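Take a look at the structure set out below.
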Amino acid sequence: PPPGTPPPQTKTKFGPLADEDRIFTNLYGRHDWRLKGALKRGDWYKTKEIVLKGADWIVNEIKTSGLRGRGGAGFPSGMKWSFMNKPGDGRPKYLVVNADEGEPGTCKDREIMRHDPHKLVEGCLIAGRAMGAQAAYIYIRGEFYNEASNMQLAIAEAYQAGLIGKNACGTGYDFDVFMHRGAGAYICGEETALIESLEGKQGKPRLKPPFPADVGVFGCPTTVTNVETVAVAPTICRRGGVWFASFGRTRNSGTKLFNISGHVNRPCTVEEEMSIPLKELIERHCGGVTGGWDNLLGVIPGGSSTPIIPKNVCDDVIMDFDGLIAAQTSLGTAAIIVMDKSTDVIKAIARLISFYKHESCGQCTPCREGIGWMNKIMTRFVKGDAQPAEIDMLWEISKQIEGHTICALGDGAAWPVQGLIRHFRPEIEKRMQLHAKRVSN
Amino acid sequence: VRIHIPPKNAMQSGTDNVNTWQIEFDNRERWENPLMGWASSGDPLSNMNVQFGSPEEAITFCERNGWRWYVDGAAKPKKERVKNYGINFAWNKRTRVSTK
Amino acid sequence: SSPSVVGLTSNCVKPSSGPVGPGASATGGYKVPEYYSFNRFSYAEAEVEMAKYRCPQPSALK
Amino acid sequence: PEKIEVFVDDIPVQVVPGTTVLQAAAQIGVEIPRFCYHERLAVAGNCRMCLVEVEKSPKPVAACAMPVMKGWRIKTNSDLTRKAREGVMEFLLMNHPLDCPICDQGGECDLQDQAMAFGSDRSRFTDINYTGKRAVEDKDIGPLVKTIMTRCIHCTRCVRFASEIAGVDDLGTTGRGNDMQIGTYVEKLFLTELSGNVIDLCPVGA
Amino acid sequence: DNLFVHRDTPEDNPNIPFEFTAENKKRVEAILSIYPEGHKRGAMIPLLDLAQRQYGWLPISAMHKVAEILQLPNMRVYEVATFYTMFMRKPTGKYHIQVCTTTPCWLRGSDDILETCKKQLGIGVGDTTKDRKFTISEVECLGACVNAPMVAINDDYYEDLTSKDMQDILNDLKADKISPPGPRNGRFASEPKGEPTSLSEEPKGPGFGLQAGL
Ligand SMILES: Cc1cc2nc3c(=O)[nH]c(=O)nc-3n(C[C@H](O)[C@H](O)[C@H](O)COP(=O)(O)O)c2cc1C
Ligand code: SF4
Ligand code: SF4
Ligand code: SF4
Ligand code: FES
Ligand code: FES
Ligand code: NA
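Residue numbers (UniProt numbering), protein chains in the order written: chain A, 34 to 474; chain B, 84 to 183; chain C, 48 to 109; chain D, 39 to 244; chain E, 29 to 242.
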């Protein structure tokens with residue numbers, strides 16, 4: 034079989050995720066996160082030997098792994114790491130790890146940087162050789178200050194142990210890792226917008242093409258990759274790509290982090306096999322919805338920029354890329370936001386629309402001020418001060434913003450309203466109808 | 084008589100109003116009107132304007148009516164311009180934009 | 048020891064002051080005192096340390 | 039190099055590789071609407087008015103910035119392209135300040151002319167009666183250029199010109215979202231022998 | 029009420045003097061030596077951030093100093109300093125209370141925390157106190173959604189707050205006495221409260237389940 038052929042899945046249940054199969058063994062910070070602690074977990078083990086296999090060998094493992102990006106787009110990593118492997122230029126090459134964690138409801142990236150920073154630094158090297166990058170930049174939120182220092186502490190340890198820098202891991206490969214604390218801006222988690230911030234410009238997303246693999250930071254080839262993607266990169270090499278392909282459905286291999294926030298009894302972050310049924314997830318680690326499963330009103334599968342799904346759909350959903358697309362919704366960042374029945378769904382969504390309005394970079398016309406329109410519309414819906422015909426208009430405005438913007442933030446801001454109108458339209462109409470009686474009477 | 088293409092409006096980007104050749108006569112005298120101060124003139128042809136498809140037709144029309152004519156140089160077709168986007172983000176070249 | 052931590056100027060506790068934060072401790076259930084024990088200039092101070100180990104780096108100049 | 043073949047509205051064209059869709063359609067004689075693209079300024083994709091359909095593609099592609107690829111069938115006057123332009127006009131004209139009678143650009147305004155040619159005739163902006171439109175403070179740029187920033191459509195022609203042609207780098211963009219504004223942060227004079235040319239680039243009366 | 033236009037004020041005018049301390053000056057050299065030789069304006073965000081930490085908030089006289097370091101037009105700094113949100117261009121004081129208010133912090137009772145903060149300090153959102161010690165200010169999402177509701181104070185994350193435990197913090201801070209940060213609801217960090225469910229088994233250790241092909 035060609036190198037890019039993950040083994041077909043052959044399981045019919047994806048629920049356990051045995052403990053030894055967990056990737057991030059120090060997720061809850063129950064052990065020493067230092068180099069001695071991580072070494073006892075084998076984080077920097079055989080890193081020389083993996084690197085000297087060859088970049089081409091490393092990539093074919095990743096395609097065999099069938100690892101799709103955890104950042105939120107989900108584009109297969111294998112190809113993504115192969116575009117930058119083309120030897121066409123004599124310019125430097127960079128690997129920008131996107132540690133931004135802007136999307137609401139998502140805390141997973143914070144875990145990987147407090148208690149396993151060395152796993153990320155380790156992953157930079159293996160990915161670094163695959164791309165052949167001269168150095169790697171870690172872009173971290175401005176608000177994550179302590180995590181940045183914590184991450185900085187791990188990097189300094191790596192340098193003194195000889196793992197990175199000149200003769201990284203004794204491979205003869207020269208690699209330097211840098212941290213770049215970007216200031217507070219949700220938009221900076223976008224590939225091209227991230228590249229612009231590192232250049233020191235305002236930080237507005239660029240157009241594609243040219244893609245980052247051609248011009249990136251400082252106009253040089255780059256590969257912007259999320260931390261979870263990188264942090265899993267070495268453990269794929271150690272434990273085989275085929276092993277990872279064992280989990281998850283046929284085209285949706287791999288384990289995933291699920292930040293289950295919202296009205297749940299025991300909100301937490303838990304690594305779990307992807308393609309697990311959602312019900313089995315909520316009632317296995319988080320102790321169920323507050324008022325039992327019957328009080329569920331719908332969840333947001335991927336944090337904001339994911340259409341809500343009502344209770345009935347949740348009965349049989351599969352937490353997976355393909356599985357959720359069937360439900361007219363996208364997995365996104367895997368963050369779940371449960372919502373009890375005693376929740377003003379209109380006011381919940383209206384918050385997210387206000388969130389995007391506060392985060393649009395303003396560069397391109399639809400999202401600059403098209404979102405400003407929906408924010409005004411949704412505010413009046415919350416009060417019920419609107420005519421029922423406005424519902425179809427609000428549906429209409431969303432179609433105009435989708436696909437006409439530069440970055441995917443605009444597409445993100447349109448999905449929540451489409452999910453709202455498509456499932457809870459009767460509730461919106463009732464709010465208006467009440468507003469008619471109280472104001473008229 | 085001046086055969087010419089009407090000049091494009093610098094304050095706009097549309098062009099379909101310069102897709103013709105034209106004739107406009109000399110710009111003879113005007114003066115303030117003694118009573119109300121309007122503009123006055125004794126120049127009937129000064130008001131005039133006709134459209135054509137090419138200067139050859141325009142010259143042909145002018146000769147057939149005895150007018151004296153002279154043609155403004157036809158604007159040469161604009162040279163090709165590259166207008167690439169990626170060069171705005173260049174590694175060692177000066178084309179790199181400091182704004183966005 | 049070769050793997051020395053960032054200089055204690057960048058670590059608040061310098062290095063132990065009993066349990067800190069929500070219960071994080073050296074030998075407690077949550078073994079990461081560093082996260083809760085950084086100076087307000089910790090990140091910047093660390094940068095001065097790593098200059099020694101960071102190798103030369105490219106130039107776009109002419 | 040060798041001319042690439044591309045069809046705009048099903049009419050074959052020959053273009054050197056790297057040509058933009060907007061330029062390729064110019065050869066036929068088709069003028070796609072534009073606000074941010076200017077022929078003598080760096081390419082930007084802010085306005086999204088130049089959006090155009092391409093056969094078998096997931097979404098519209100900005101004509102000004104898309105480099106033509108062989109075999110494409112661009113569709114300028116299609117239903118999808120028409121809807122795209124209508125959407126953006128309906129979007130650009132929300133917060134424009136309703137000043138045409140007192141605006142110098144009137145009768146010479148790109149936002150007017152392109153609204154007639156492509157935009158819709160109605161206005162769906164019901165929210166005039168609840169929260170009103172946006173209004174932005176004015177700027178004192180100097181004795182030559184009057185400035186009414188509430189009419190700006192953020193095309194960034196002014197910013198690109200002053201940075202690229204005049205090379206002054208005193209004008210720029212501040213803020214984000216709707217509260218974005220173009221102009222000096224601290225009141226200054228935009229002093230340059232070429233200062234006048236800004237007045238011609240700004241397609242609206244800002 | 030934040031404005032993206034600078035107006036002359038006694039607290040904020042360019043004629044105010046500002047300079048990097050001798051300690052901080054050595055950090056600038058470290059920062060500038062991190063980006064390629066020809067592209068050093070990527071240090072602008074680190075430098076601007078390093079400026080306000082030395083000053084609490086970011087005056088215009090600071091903005092020029094950064095430009096002088098990088099040899100840029102003054103406005104290229106203004107654009108960047110005005111885009112990102114945590115650059116406080118007006119005086120903030122000492123404590124800048126960062127209260128998340130978006131979903132799911134809103135779902136887990138965030139409005140109460142915001143209300144109590146205003147009442148206890150008697151100020152409005154996005155505003156400072158007379159002594160310039162507190163400055164309540166809503167924020168959008170601090171990425172601690174799991175441990176919601178949560179508040180942040182100038183670097184820290186006080187997660188799992190309520191009306192009671194929050195006023196404990198304000199009572200401490202008003203007393204000038206440091207307080208413990210981190211989650212308040214008997215959870216160390218992002219763990220499911222109570223008995224654990226995963227990772228209870230020991231980490232296997234190095235070399236387990238290797239490819240055996242190196
Ligand atoms: C508005 C916006 C914000 C984004 N924020 C993040 C983020 O915070 N972290 C992340 O990993 N990807 C984020 N992305 C997705 C990135 O564009 C990109 O898909 C990802 O970083 C690439 O790495 P991946 O292969 O792991 O997905 C964002 C995209 C958009 C449009
Ligand atoms: S969609 Fe919004 S955030 Fe993205 S480029 Fe356009 S204006 Fe900026
Ligand atoms: S710039 Fe605006 S106000 Fe002025 S003429 Fe054009 S549309 Fe009317
Ligand atoms: S002021 Fe005029 S030229 Fe400048 S961005 Fe606004 S509309 Fe465009
Ligand atoms: S002309 Fe293409 S986006 Fe403006
Ligand atoms: S919603 Fe409050 S930290 Fe994310
Ligand atoms: Na103008």
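Backbone N, C-alpha and C fix where the C-beta goes; we use that ideal spot for every residue, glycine too.
Between residue 103 of chain E and residue 223 of chain D, the beta carbon gap of about 6 angstroms places them in contact (Cβ cut-off 8 angstroms).
Just so you know, the alpha carbons of residue 149 of chain A and residue 59 of chain A end up roughly 6 angstroms apart. In the DSSP assignment, residue 468 of chain A falls within the unbroken alpha helix (DSSP H) covering 442-473. Residue 134 of chain E counts as buried, since no fewer than 16 other beta carbons sit within 10 angstroms of its beta carbon. With the criterion set as a beta carbon lying under 9 angstroms from some beta carbon of chain E, the members of the segment 156-176 of chain B are 174, 175, in sequence order.
Annotated three-state conformation of residue 201 of chain D is helix, per DSSP.
Around the Cβ of residue 143 of chain E, a 10 Å sphere holds fewer than 16 other Cβ atoms; the residue is exposed. In the pairwise beta carbon analysis, the segment 316-333 of chain A is classified as touching the segment 366-376 of chain A: at least three pairs are separated by under 8 angstroms. Apart from the 5 residues on each side of it in sequence, residue 100 of chain A sits with its Cβ closer than 6 angstroms to the Cβ of 110, 287 in its chain, given in chain order. Proximity annotation: ligand 7 has residues B:94, D:143, D:237, D:238, D:240, D:241, D:242, D:243, D:244 in chain order, each selected because its CB is closer than 7 angstroms to a heavy atom of the ligand. Counting along the chain, residue 406 of chain A sits inside the alpha helix (DSSP H) bounded by residues 404-416. Taking all protein chains shown into account, residue 100 of chain B has fewer than 16 neighbouring C-beta atoms within 10 Å of its C-beta and is therefore exposed. Residue range 150-164 is occupied by the alpha helix (DSSP H) that includes residue 158 of chain A. Taking the Cα of residue 285 of chain A as reference, the smallest distance to any Cα among A:364, A:470, A:178 is reached at A:364. Within the segment 48-74 of chain A, complete alpha helix (DSSP H) segments of at least 4 residues are found at 68-73, given in chain order.
For the pair residue 201 of chain E and residue 159 of chain E, the Cα-to-Cα distance works out to about 13 angstroms. Annotation for residue 165 of chain E: the continuous beta strand (DSSP E) segment containing it runs 162-167. It is roughly 34 angstroms from the alpha-carbon of residue 43 of chain D to the alpha-carbon of residue 158 of chain D. Of the heavy atoms belonging to ligand 4, at least one sits nearer than 8 angstroms to the Cβ of residue 196 of chain D. Under DSSP, the beta-bridge partners assigned to residue 153 of chain B are B:85. Placement of the Cβ of residue 103 of chain E at a distance of 8 angstroms or more from every heavy atom of ligand 4 is found. Here DSSP, grouped into helix, strand and coil, assigns residue 80 of chain C to helix. At a cut-off of 9 angstroms between beta carbons, residue 236 of chain D makes no contact with chain B. Contact residues of ligand 5 (beta-carbon closer than 5 angstroms to any heavy atom; chain order) are D:72, D:74, D:75, D:83, D:85, D:86, D:88, D:100, D:102. Judged by pairs of C-beta atoms under 8 angstroms, the segment 215-231 of chain E touches the segment 61-73 of chain A, as three or more such pairs exist.
At a C-beta separation below 7 angstroms, residue 104 of chain E has these neighbours in chain B: 181. In the displayed model, residue 49 of chain D falls within a strand according to three-state DSSP. Taken in chain order, the unbroken stretches of alpha helix (DSSP H) that lie wholly in the segment 289-348 of chain A and span 4 residues or more are 311-318, 344-347.
Annotation: residue 84 of chain B to residue 113 of chain B spans about 18 angstroms, alpha carbon to alpha carbon.
Secondary-structure assignment with DSSP links residue 105 of chain D through a beta bridge to D:58.
Not one heavy atom of ligand 4 lies closer than 8 angstroms to the C-beta of residue 172 of chain D. Interface residue (Cβ-Cβ distance to chain C less than 9 angstroms): residue 183 of chain E is classified as such. Among the CB atoms of chain B, one or more fall inside 9 angstroms of the CB of residue 251 of chain A.
DSSP links residue 109 of chain A through a beta bridge to A:101. Not one heavy atom of ligand 4 is found less than 8 angstroms from the C-beta of residue 147 of chain D. The C-beta distance from residue 104 of chain A to residue 266 of chain A rounds to 14 angstroms, too long to meet the 8 angstroms contact threshold.
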